[PDB]
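Asker: Got a structure for you, written out below as structure tokens; questions coming shortly.
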Amino acid sequence: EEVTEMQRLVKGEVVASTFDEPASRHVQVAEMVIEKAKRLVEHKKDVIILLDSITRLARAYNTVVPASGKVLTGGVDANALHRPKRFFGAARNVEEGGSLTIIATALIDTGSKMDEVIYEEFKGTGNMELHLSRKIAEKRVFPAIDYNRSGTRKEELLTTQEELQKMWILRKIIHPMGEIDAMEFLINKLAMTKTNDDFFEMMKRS
Amino acid sequence: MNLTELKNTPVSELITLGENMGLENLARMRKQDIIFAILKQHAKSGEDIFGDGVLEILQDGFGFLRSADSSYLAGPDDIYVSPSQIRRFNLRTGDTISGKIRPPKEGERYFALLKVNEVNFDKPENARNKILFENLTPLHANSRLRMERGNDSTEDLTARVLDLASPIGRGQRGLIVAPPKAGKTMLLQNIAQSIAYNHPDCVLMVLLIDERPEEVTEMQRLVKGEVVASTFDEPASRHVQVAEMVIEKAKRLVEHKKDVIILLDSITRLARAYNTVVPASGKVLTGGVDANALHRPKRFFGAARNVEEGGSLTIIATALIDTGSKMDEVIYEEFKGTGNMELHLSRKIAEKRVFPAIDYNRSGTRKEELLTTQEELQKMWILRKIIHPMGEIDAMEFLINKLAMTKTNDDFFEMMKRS
Amino acid sequence: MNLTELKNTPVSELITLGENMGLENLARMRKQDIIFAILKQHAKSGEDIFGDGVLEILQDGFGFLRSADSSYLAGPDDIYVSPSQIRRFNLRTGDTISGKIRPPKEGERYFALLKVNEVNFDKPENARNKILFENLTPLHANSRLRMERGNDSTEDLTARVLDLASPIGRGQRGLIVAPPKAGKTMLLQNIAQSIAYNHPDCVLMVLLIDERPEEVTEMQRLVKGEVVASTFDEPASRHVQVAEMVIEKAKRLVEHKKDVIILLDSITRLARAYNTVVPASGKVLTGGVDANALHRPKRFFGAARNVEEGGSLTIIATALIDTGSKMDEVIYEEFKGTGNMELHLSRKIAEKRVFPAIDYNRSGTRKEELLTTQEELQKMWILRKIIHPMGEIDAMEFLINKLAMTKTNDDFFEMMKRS
Ligand SMILES: Nc1ncnc2c1ncn2[C@@H]1O[C@H](COP(=O)(O)OP(=O)(O)O)[C@@H](O)[C@H]1O
Ligand SMILES: Nc1ncnc2c1ncn2[C@@H]1O[C@H](COP(=O)(O)OP(=O)(O)O)[C@@H](O)[C@H]1O
Ligand SMILES: [Mg+2]
Ligand SMILES: [Mg+2]
């Protein structure tokens, strides 16, 4: 039922594998998406991939790969996680033309250990990050995004000179505040403003 | 239907109104909860509900519409205002907001303001163009306030003595030095009666800090005006919250070309709460009072100004001395030269059962030429010349008998001219 | 058959009653367990059992019917009430509930209330329409309480001196400043005797904190009223539990147009338990007392009000000074200006074997015009004029001899008129 809702809502190409399907099916479809994206990138086209989830993807990859005779912590082999690294690392910006954008989701605090071992190796492998907090969601405040923990690298190229400075000013105010108090502080400010530009000029008053 | 008239109704009538409406078990609960319950039930009928009060802004950004009837105490019946409405209409702490209030939806415990049609007893558009109080240029007092009452002709001579000892004008920043058990409470009550009688147009506000509950009730019955007070059992933060509420409300009224008179009691009590609330800066001065702790009372006391453009703010405060607390002596010392008018009371005079126990020699005022007239000023100087050689105690009974057999101060003045 | 009469019976008779009933080994066990055992055996006969007490509500939601005989101590004989009965009849902590109690079934260790037929000595339906104490408007004291006893004519002049030094009325919020070993305990006992004699209608309640067990027993035998106390060996939480029980019970009685007089001993001891029970807020003030720690005693002490509609609550407390403990000095300072009547005792006077050791000059009262009459008030002023030049010690023996040779205070008053 989650796959059907995604197809109706997303205006694009949606492919998914259900839980009842074997782990080999998950591997087969995962390689199909990335290989299709790479061919489109070669034709000077931009492809954006929404991945969900790396932990689930690494779960199928670990089972499919045969055992090498050595078992590491959490029952995950070193070569087992090699395949997700290839899939995740393919997100590149081609100088000649086109780009491949990959956005993935990581599961933490799920009560398992595999889902942690997997998260730890996939920490420093991301250009941008986005950490969610369960406690914020418990307060019925959305989106439950940890502003202090979230960040990006080389944001100078993306934003403009004027826009970049405004973001730095906002981060300075948010940092002393806690991860939970920052959201409701930001939500009310954005609620009464039309666009982000109106919010930015309001902070300049203070 | 209207919030302001519902709170003024007696509690006994409040229960009866809710019983016929359909509510139950309203007798054994606080009056504030009853008002919220009645409005909640009446909101189901779909009829519009009118509400008003004094608006304050919290640190988060949203505000509440406090009611002066409950001494600006937080309650379930307080009206909540979204920060968006603040941008539409420039509002700050102290101003009065009146308008329709919508029923609170699920998830919120406070009423929300729907449409505002009256700001500071004026059109909201006109209130947006008012100039801020801090930009106004203060001046010396020039409007004489006749504290003497002729029609009453009561046996108390406090009103007659007060005019002779130290005339009080509009925009004065005077303070009263009153030892304990020296008739300080009745001194303020007599002044309030004259203000409500001689100058009904002037707005009179009475603020009391750390006063007994029975003392607050008597003040409300006697003073014909707006009286707000905080009891001793309430926390020190409550005293700070109400103190800023009164001055902020007064400043907004002054901007509308209105005259506000504030009776403060007491600066020592007010400074006591301010010192505790402010966090320690790591340095403790003499008496346990920080330098920044007394900064807040200075702002409150110094706001008494006479606006050149129009209106004035008169603040009359009381100072406690010889209460056997260094904490209170240090506070008094910094508040000595900060007054345009001074009024020092003597315990020894009160011990002789002579009232009012006012030290005529110690009492005085600055720039009395503007308040009194040319003829009246000279008569006061002649009286002071006779009083000065006499002691602080012998001067009162000398003055009391002279005023006792005279009808008005004019009759007393012409009698002294004989000698 | 009736719970209240069974506890008042002597322990020796209690054992004999249970032996003939059929129970055994009741001699070597606590009296509270014996009452539960006797009721349990009597419940098997099927006869109805009547019970009564003071109702309190726990934080979970259910409550128990504590008994004032055991100083509101938790025991197996306490009556349990379901939260459902609370919705049917609006009950809060303090009120008295009387009715039939059913035998406890298997799985429960407490009796359950079956049907309530008496609430606050009134019909339960009528008690539901009572107005809450907090909505009542307090006023100043106006009902004079004659503390002097004429029929007794005892050699002690404490009652005669107390009226002259500081008259006590209904709804007063006075406090007593008593140094250690200054006859503080006997001072309260003498007041209790006059109240139980001159005003039998008024309800007298005595609360003692951190008192010795032998001191509690003497107080019960001497005071003709309801006496509840907590011993020092009991935990500080027990002191807090009993303190709130007394004031909540008094408030409910005041709502029924009744007058309640509370003798508190002591505020310093009461504040000692309150400070320990409240959790630390992370900030410690001078003397190890938090600002919020003393908030609870302020609520308890400030509840003394004179209801305009009817009834009054009089609270008389004792303050300990010069005890060698700083913490205790800080408590006294915040409780200086909170009282209508003050009564300061002097250790030096007690060292001279002169009683009562009362500082006449330091003692006083506010709004004494309402309590005394026009003729009586003037006589007191004349006496104070003579006493004031004299020292705090010489004034007592001067007053003692004059009162010793006079029958009543009226005879003493006319004697001073000769001079
Ligand atoms: N103008 C006055 N005329 C007569 N008596 C007065 C006057 N002012 C005060 N008193 C006396 O003072 C007493 C109350 O003093 P109080 O107001 O408690 O002093 P303080 O405010 O300094 O504590 C009353 O008993 C009253 O008789
Ligand atoms: N009214 C009085 N008349 C005579 N003696 C008194 C009186 N009040 C107290 N005392 C003396 O005080 C002593 C007890 O003092 P106590 O009550 O322990 O003081 P405190 O309560 O301050 O500790 C007794 O020995 C008694 O002789
Ligand atoms: Mg006073
Ligand atoms: Mg004692």
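Every chain in the structure tokens has a letter given in the order shown (A, B, ...), and although residue numbers restart at 1 in each chain, ligands are simply numbered from 1 in the order shown.
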Once you count only C-alpha atoms and all ligand atoms, what closest atom pair and distance in Å to one decimal does each residue of chain B within 10 Å of ligand 1 have, with rows by chain and rising residue number, as CSV?

Answerer:
```
residue,atom,partner,partner_atom_place_in_ligand_line,distance
B:155,CA,ligand 1,3 (N),8.5
B:156,CA,ligand 1,1 (N),5.6
B:157,CA,ligand 1,1 (N),7.0
B:158,CA,ligand 1,1 (N),5.6
B:159,CA,ligand 1,1 (N),8.9
B:177,CA,ligand 1,22 (O),9.9
B:178,CA,ligand 1,22 (O),6.2
B:179,CA,ligand 1,22 (O),5.8
B:180,CA,ligand 1,22 (O),4.1
B:181,CA,ligand 1,22 (O),3.4
B:182,CA,ligand 1,22 (O),3.5
B:183,CA,ligand 1,19 (O),3.4
B:184,CA,ligand 1,21 (O),3.4
B:185,CA,ligand 1,21 (O),4.0
B:186,CA,ligand 1,8 (N),5.0
B:187,CA,ligand 1,8 (N),6.2
B:188,CA,ligand 1,21 (O),9.0
B:189,CA,ligand 1,8 (N),9.4
B:190,CA,ligand 1,1 (N),7.9
B:318,CA,ligand 1,21 (O),9.8
B:320,CA,ligand 1,22 (O),8.7
B:345,CA,ligand 1,22 (O),8.9
B:346,CA,ligand 1,22 (O),9.8
B:347,CA,ligand 1,22 (O),8.4
B:350,CA,ligand 1,12 (O),7.7
B:351,CA,ligand 1,12 (O),9.8
B:353,CA,ligand 1,5 (N),7.4
B:354,CA,ligand 1,4 (C),7.3
B:355,CA,ligand 1,3 (N),4.9
B:356,CA,ligand 1,1 (N),5.0
B:357,CA,ligand 1,8 (N),7.9
```

Asker: Using DSSP assignments from the backbone, pull out every residue in stretch 81-182 of chain A that falls under strand (DSSP E) and give it to me as a ChimeraX atom specification.

Answerer: /A:99-103,128-129,151-152

Asker: Could you turn the residues from that selection into a file that holds N, CA, C and O atoms, as a tab-separated table (two decimals), in the first residue's frame?

Answerer:
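Writing the result to out26.tsv gives the following:
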```tsv
chain	number	residue	atom	x	y	z
A	99	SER	N	24.22	15.49	-14.47
A	99	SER	CA	24.57	15.18	-13.09
A	99	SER	C	23.68	14.06	-12.60
A	99	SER	O	22.60	13.80	-13.14
A	100	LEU	N	24.14	13.38	-11.54
A	100	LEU	CA	23.40	12.31	-10.89
A	100	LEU	C	23.27	12.65	-9.41
A	100	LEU	O	24.27	12.65	-8.69
A	101	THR	N	22.05	12.93	-8.97
A	101	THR	CA	21.77	13.27	-7.58
A	101	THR	C	21.12	12.08	-6.90
A	101	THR	O	20.10	11.57	-7.37
A	102	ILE	N	21.71	11.64	-5.79
A	102	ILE	CA	21.21	10.51	-5.02
A	102	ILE	C	20.91	10.98	-3.61
A	102	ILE	O	21.79	11.50	-2.92
A	103	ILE	N	19.66	10.81	-3.18
A	103	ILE	CA	19.23	11.14	-1.83
A	103	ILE	C	18.76	9.86	-1.16
A	103	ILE	O	17.84	9.19	-1.66
A	128	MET	N	25.92	16.29	1.53
A	128	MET	CA	25.01	16.98	2.48
A	128	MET	C	24.45	15.94	3.45
A	128	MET	O	24.52	14.75	3.13
A	129	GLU	N	23.94	16.39	4.59
A	129	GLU	CA	23.35	15.46	5.57
A	129	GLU	C	22.01	16.03	6.04
A	129	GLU	O	21.72	17.18	5.71
A	151	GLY	N	23.56	19.93	7.92
A	151	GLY	CA	24.53	20.81	7.29
A	151	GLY	C	24.85	20.32	5.90
A	151	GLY	O	24.34	19.29	5.44
A	152	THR	N	25.71	21.08	5.22
A	152	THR	CA	26.11	20.77	3.86
A	152	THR	C	27.53	21.27	3.63
A	152	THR	O	28.03	22.14	4.34
```

Asker: Nearest to chain B among A:16, A:197, A:202, A:192, with distances taken over only C-alpha atoms: which residue is it?

Answerer: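 Among A:16, A:197, A:202, A:192, it is A:192 that comes nearest to chain B.
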
Asker: Quick one: residues within 7 Å of residue A:136, only C-alpha atoms, excluding same-chain residues fewer than 5 positions away - as a short mmCIF file (atom, residue, chain, number, x, y, z; two decimals) with N, CA and C atoms, in the first residue's frame?

Answerer:
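Writing the result to out_26.cif gives the following:
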```cif
data_model
loop_
_atom_site.label_atom_id
_atom_site.label_comp_id
_atom_site.auth_asym_id
_atom_site.auth_seq_id
_atom_site.Cartn_x
_atom_site.Cartn_y
_atom_site.Cartn_z
N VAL A 141 5.50 18.46 16.32
CA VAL A 141 6.07 19.57 15.57
C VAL A 141 6.77 18.99 14.35
N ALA A 144 10.48 17.23 11.81
CA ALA A 144 11.37 16.96 12.94
C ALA A 144 12.80 16.88 12.41
N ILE A 180 15.44 21.04 20.10
CA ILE A 180 13.98 21.02 20.08
C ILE A 180 13.41 22.44 20.05
#
```

Asker: Kindly give the distance, in Å, that separates atom CA of residue B:251 and atom CA of residue B:55, rounded to a single decimal.

Answerer: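 Taking atom CA of residue B:251 and atom CA of residue B:55, their separation equals 13.2 Å.
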
Asker: Quick one: everything within 12 Å of residue A:172, counting only C-alpha atoms, minus sequence neighbours fewer than 6 positions away in the same chain. Send it as a ChimeraX atom specification.

Answerer: /A:147-148,165-166,182,203
